[PDB]
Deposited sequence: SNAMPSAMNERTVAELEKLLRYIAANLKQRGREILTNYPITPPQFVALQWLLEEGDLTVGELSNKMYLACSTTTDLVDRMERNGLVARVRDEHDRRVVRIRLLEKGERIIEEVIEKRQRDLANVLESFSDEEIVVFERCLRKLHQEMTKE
């Protein structure tokens, strides 16, 4: 009962929006000593706390081998440490890693504030409402 002309428009929009956001993200990260998958990894640790490599890889949709090499690079560069339970080894965001990602996120926020400056108060509030519903339906 869904309208295919509209769904086709929406699919294209979402795709070109995500492609543009990806590139803005890239451009922003040129001024930071991390790579895009390190950004993703670090942001997961910031948002979730200590994660095992298994937990991290499930969040990033990577194989364990891939996630371990990534964690290894970040640990080598002092962005994260490996920490075993006192009671299992988890990855913990170090201060150096946290400082960088907080800075990247703030720059991402400023960048978006510039894109959004032509939305009115009402369009921003509706827009957020739409995204919140989209995100919720997409994550089950």
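Where C-alpha coordinates are absent, the deposited sequence of this PDB chain has the segments 1-6, 94-96, 150.
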